[PDB]
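One structure below.
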Amino acid sequence: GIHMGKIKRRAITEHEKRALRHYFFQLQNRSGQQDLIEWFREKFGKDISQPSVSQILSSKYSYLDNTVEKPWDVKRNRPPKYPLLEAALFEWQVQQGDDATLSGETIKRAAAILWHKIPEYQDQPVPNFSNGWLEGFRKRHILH
């Protein structure tokens with residue numbers, strides 16, 4: 001019924017292809033491009049109006065047609081927005097951990113004052129970036 005898979009917005013992996021190829025190719029004679037979308041709409045709601053159905057059939061299907069689930073990132077998926085920012089914004093948080101609390105602005109204050117008061121630690125005068133990148137790692141690594 002529910003089960004635990006990847007998907008979520010996009011995701012896409014190896015099993016997404018293996019099942020896709022068997023989709024249009026493994027049915028009672030003739031499946032249907034729509035059927036593909038059927039698992040698309042049900043997996044993430046709906047985001048494949050026959051646009052990538054061909055791409056994932058050929059392109060993404062070729063990627064996994066060359067190697068196994070250990071090539072690029074077939075293992076995991078759903079990537080954040082700021083990969084390098086989090087790593088660097090981490091090292092600062094850890095040091096500025098303490099009994100702190102209230103995620104979000106808690107950084108925008110520390111960050112905006114972190115790079116303004118000391119531009120030698122990293123040497124990157126940020127403008128007005130958000131704090132979600134921090135919360136992202138702080139939640140996906142520093143727990144609650």
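Just remember, in the structure tokens the first chain shown is A, the second B, etc., residues are 1-based per chain, and ligands are 1-based in the order shown.
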Please list as a PDB file with C-alpha atoms, in the first residue's frame every residue within 8 Å of region 129-144 of chain A, counting only C-alpha atoms and excluding residues in the same chain fewer than 6 positions away.
```
ATOM      1  CA  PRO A  80      19.471  19.723  -1.066  1.00  0.00           C
ATOM      2  CA  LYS A  81      20.094  23.100  -2.734  1.00  0.00           C
ATOM      3  CA  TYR A  82      23.441  24.196  -1.283  1.00  0.00           C
ATOM      4  CA  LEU A  85      27.400  25.922   1.656  1.00  0.00           C
ATOM      5  CA  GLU A  86      26.164  23.322   4.141  1.00  0.00           C
ATOM      6  CA  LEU A  89      28.191  26.521   7.126  1.00  0.00           C
ATOM      7  CA  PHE A  90      28.463  23.425   9.300  1.00  0.00           C
ATOM      8  CA  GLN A  93      27.625  26.021  13.517  1.00  0.00           C
ATOM      9  CA  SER A 103      16.579  27.254  13.994  1.00  0.00           C
ATOM     10  CA  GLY A 104      16.572  29.682  11.077  1.00  0.00           C
ATOM     11  CA  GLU A 105      17.149  33.385  11.790  1.00  0.00           C
ATOM     12  CA  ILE A 107      21.931  31.850  11.766  1.00  0.00           C
ATOM     13  CA  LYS A 108      20.947  34.835   9.590  1.00  0.00           C
TER      14      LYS A 108
END
```
- Query: Can you list, as a PyMOL selection string, every protein, DNA or RNA residue that comes within 10 Å of region 18-25 of chain A when you count only C-alpha atoms, leaving out same-chain residues fewer than 2 positions away?
  - Reply: chain A and resi 13-16+27-37+39+53-54+56-58+61+64-65
Expected file: the selected residues, C-alpha atoms, as a CSV table (one decimal), in the first residue's frame:
```
chain,number,residue,atom,x,y,z
A,13,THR,CA,17.3,5.7,-9.8
A,14,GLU,CA,18.1,2.3,-11.3
A,15,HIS,CA,14.9,0.4,-10.3
A,16,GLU,CA,13.0,3.3,-11.8
A,27,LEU,CA,2.3,-6.0,-20.5
A,28,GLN,CA,-0.6,-7.9,-21.9
A,29,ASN,CA,0.5,-7.2,-25.5
A,30,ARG,CA,0.7,-3.4,-25.5
A,31,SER,CA,1.1,-1.5,-22.2
A,32,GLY,CA,0.9,2.3,-22.9
A,33,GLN,CA,3.0,5.4,-22.2
A,34,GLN,CA,0.2,6.5,-20.0
A,35,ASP,CA,0.6,3.5,-17.7
A,36,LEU,CA,4.2,4.7,-17.2
A,37,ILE,CA,2.8,8.0,-16.0
A,39,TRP,CA,3.3,5.0,-11.5
A,53,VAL,CA,8.8,8.9,-20.3
A,54,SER,CA,11.0,8.7,-23.4
A,56,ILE,CA,13.9,7.6,-18.9
A,57,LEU,CA,13.2,4.9,-21.4
A,58,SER,CA,16.4,5.7,-23.4
A,61,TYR,CA,17.8,3.6,-19.4
A,64,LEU,CA,21.9,1.8,-16.1
A,65,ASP,CA,22.4,-0.1,-19.3
```
Correct to one decimal, the distance CA of residue 8 (chain A)-CA of residue 88 (chain A) is 26.7 Å
Near-residue 11 (chain A) list (6 Å; only C-alpha atoms; drop same-chain fewer than 3 positions) as a short mmCIF file (atom, residue, chain, number, x, y, z; two decimals) with N, CA and C atoms, in the first residue's frame:
```cif
data_model
loop_
_atom_site.label_atom_id
_atom_site.label_comp_id
_atom_site.auth_asym_id
_atom_site.auth_seq_id
_atom_site.Cartn_x
_atom_site.Cartn_y
_atom_site.Cartn_z
N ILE A 7 11.60 8.16 -4.80
CA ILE A 7 10.71 9.12 -5.44
C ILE A 7 10.77 10.49 -4.74
N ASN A 77 19.46 9.79 -3.33
CA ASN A 77 18.90 10.82 -4.21
C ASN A 77 18.40 12.02 -3.40
N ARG A 78 17.39 12.72 -3.92
CA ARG A 78 16.82 13.89 -3.24
C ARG A 78 17.91 14.78 -2.63
#
```
ask   = For residue 40 (chain A), which of A:52, A:96, A:67, A:124 is the closest residue, counting only C-alpha atoms?
value =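 Counting only C-alpha atoms, the residue closest to residue 40 (chain A) is A:52.
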*Using DSSP on the backbone coordinates, identify all residues within chain A classified as alpha helix (DSSP H); present the result as a ChimeraX atom specification.*
/A:15-25,33-44,55-63,83-95,105-117,132-140
I'd like to know which of A:94, A:87, A:5, A:10 is closest to residue 45 (chain A), using only C-alpha atoms.
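Once distances to residue 45 (chain A) are computed over only C-alpha atoms, the minimum belongs to A:10.
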| field | Atom-to-atom span, CA of residue 60 (chain A) and CA of residue 74 (chain A), Å | value |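 The value is 10.9 Å.
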#### Entry: Separation of CA of residue 46 (chain A) from CA of residue 6 (chain A) in Å
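We find that CA of residue 6 (chain A) and CA of residue 46 (chain A) lie 14.9 Å from each other.
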